[PDB]
Protein chains: 2
Amino acid sequence: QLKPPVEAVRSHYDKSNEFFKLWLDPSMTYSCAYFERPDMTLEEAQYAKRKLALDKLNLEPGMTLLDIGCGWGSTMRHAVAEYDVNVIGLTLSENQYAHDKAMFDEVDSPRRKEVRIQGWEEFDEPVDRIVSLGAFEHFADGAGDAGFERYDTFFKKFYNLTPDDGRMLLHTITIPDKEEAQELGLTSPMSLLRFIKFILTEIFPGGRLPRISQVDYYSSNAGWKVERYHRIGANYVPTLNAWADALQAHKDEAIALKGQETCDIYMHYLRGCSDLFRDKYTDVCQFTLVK
Amino acid sequence: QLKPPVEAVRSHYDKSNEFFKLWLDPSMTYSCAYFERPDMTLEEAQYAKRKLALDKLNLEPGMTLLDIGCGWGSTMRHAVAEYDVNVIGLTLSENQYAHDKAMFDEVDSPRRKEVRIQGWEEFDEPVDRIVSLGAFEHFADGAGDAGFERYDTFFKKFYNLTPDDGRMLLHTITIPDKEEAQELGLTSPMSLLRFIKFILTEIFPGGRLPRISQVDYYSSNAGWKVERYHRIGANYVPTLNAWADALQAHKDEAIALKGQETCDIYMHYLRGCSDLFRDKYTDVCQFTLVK
Ligand SMILES: CCCCCCCCNCCCCCCCC
Ligand SMILES: CCCCCCCCNCCCCCCCC
């Protein structure tokens, strides 16, 4: 069976918790926010995003929630606080794991709070609901076994680990399908091609963005149905600008911490990606998957 | 002023003359062929391509021809033989220079035969005609001063080094303009994006493909007029398949020579690029530039 893209993932997310601390919001949510109201700060928007997702799971207290690619815990920690469920978080980052583990010590609840350095490929317990925010772009990747063919194992797996009322909220960056790209009038100048290369080179090695039809094909092949396609990628512009701005604001702390080049790399990364979503070149979609 | 992309260029073209010898035609022409007649071998097609270009220069004997990015000499060596002009060749490859230099010893003529390790940025003599086949994609590159803004220096320079009847045959891979890409129905799946990244990573670091309108803008800004746009990119499929096939044919010699990975890399490179032109994602154009 499958090998998790450990080293690829670690090269990014294990860059330094203090480094990310500088420019992420306070909840350290590392995925597209949700400006449900025009006046939310970034941090309130991250809450709104977490909420928005968790609400779709029809969670009841006592249930077990699996969070795949649980980042820095915000989603788990929020799922317990606001829903009273037990949570299991999957991550491949040592830093993220270290931090979620400690962040758990703080607040208390009769609910289970587990973070693991485990891949979805290796998970094998029964759960009630599933959430994954901004991790999916790594699932087509593997320790030398990459391929969208992997989505197939994925959806069939977690269809089988969940009850008959089982639900999955898959939140992920996407790219337009043939028909829709044409319809958008999308075009790929040389600057853009250089950028993606830069991204796949300096930021997210082995990352693969799905087309909605890919998520359909493999999900339904497993028996899933999409109760909703919530396209919300426009929110990534405010998000990404916020991150970029904060990083710039801490330019001197950041150069002090992980170096000159990295400020440049990440500023370039953050500024650049903003435009991708501005231009509708990329999107973010939240699939509500049911049986 | 400008610094030539020496190390970027050397990383590719200085891979090994024996290595390229294995799969290039016998003239070792490293650019899109021209199957002027359906039955030409690759080698005859390279001649047809060289001819096709040189014919546009209205060369007379005694004239001086500058070949920019003269590759492995085929164009120079052909320009003397069939036109009786003196030739200067510019290259940044040590291997290419070594080889053209020796290849010159062989055949003889009262005509000057010069190959130099010099950039177009550094050239400063007067010439009658100018040819450049498959080098142009490196002109927007520089030793830390890349940018299409460079084309401006280029065209203004060689407008000034040539007489009033001066002509330039610019032969280069291109990419579609906005309007035309849309019209072609072009689309950039993830596989394609991964590929370009692979290309700009493992094959042609810093390479930049022009849009026809870019060549127009900068050329005319210098005073040039395009007497013809000869689009001939479809020929690159036969060319690239030929190269790929030959390399495969010599798989064992090649693995013996520069290693396992490199056979893989270059097979992947060659096979892959073929499709780019098959799909009209990229093109090849020959600009006849006049005053
Ligand atoms: C080529 C795509 C690489 C895979 C995407 C990994 C993003 C994982 N989410 C957390 C970070 C989101 C940063 C925004 C990415 C925008 C492009
Ligand atoms: C991203 C583009 C890189 C710059 C192009 C350099 C090609 C210089 N010609 C000689 C080699 C031609 C090989 C075919 C290239 C097809 C893509």
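The residues of chain A that appear here are 12-302 by Swiss-Prot count, in order.
Recorded method is X-ray crystallography, 2.4 Å.
From the backbone N, Cα and C atoms, a Cβ is placed for every residue, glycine too.
According to Swiss-Prot, the active site annotation covers A:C284, on the basis of similarity to another entry. Look at Swiss-Prot and you will find A:41-42, A:76-84, A:102-107, A:131-132 tagged as S-adenosyl-L-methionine binding site, backed by similarity to another entry.
Shown here: features listed in Swiss-Prot, placed on the structure.
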residue	record	DSSP (3 states)
A:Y41	S-adenosyl-L-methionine binding site	coil
A:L77	S-adenosyl-L-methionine binding site	strand
A:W83	S-adenosyl-L-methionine binding site	coil
A:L103	S-adenosyl-L-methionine binding site	coil
A:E132	S-adenosyl-L-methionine binding site	helix
A:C284	active site	helix
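Around the Cβ of A:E132 (S-adenosyl-L-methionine binding site), 20 further Cβ atoms fall within 10 Å across all displayed protein chains. For ligand 1, the neighbouring recorded positions among A:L103, A:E132, A:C284 are A:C284, by Cβ distance under 6 Å. Look at the Cβ of each of the recorded positions A:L77, A:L103, A:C284 and count the other Cβ atoms within 10 Å; the largest number goes with A:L77.
Cα spacing between A:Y41 (S-adenosyl-L-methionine binding site) and A:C284 (active site): 14 Å, rounded to the nearest whole number. For the pair formed by A:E132 (S-adenosyl-L-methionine binding site) and A:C284 (active site), distance between Cα atoms is given as 29 Å, rounded to the nearest Å. The Cβ of A:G80 (S-adenosyl-L-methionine binding site) has A:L101, A:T102, A:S143, A:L144, A:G145, A:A146, A:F147, A:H149 as same-chain neighbours under 8 Å, each 6 or more residues away in sequence.
Take the binding-site residues A:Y41, A:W83: by the count of other Cβ atoms within 10 Å of each Cβ, the lowest one is A:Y41. Here the residue listed as 'active site' is positioned 29 angstrom away from A:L77 (S-adenosyl-L-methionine binding site), judged by their C-alpha atoms. Note on A:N106 (S-adenosyl-L-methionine binding site): other Cβ atoms within 10 Å of its Cβ, all shown chains, come to 18. You'll find the Cα of the residue listed as 'active site' roughly 21 Å from the Cα of A:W83 (S-adenosyl-L-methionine binding site).
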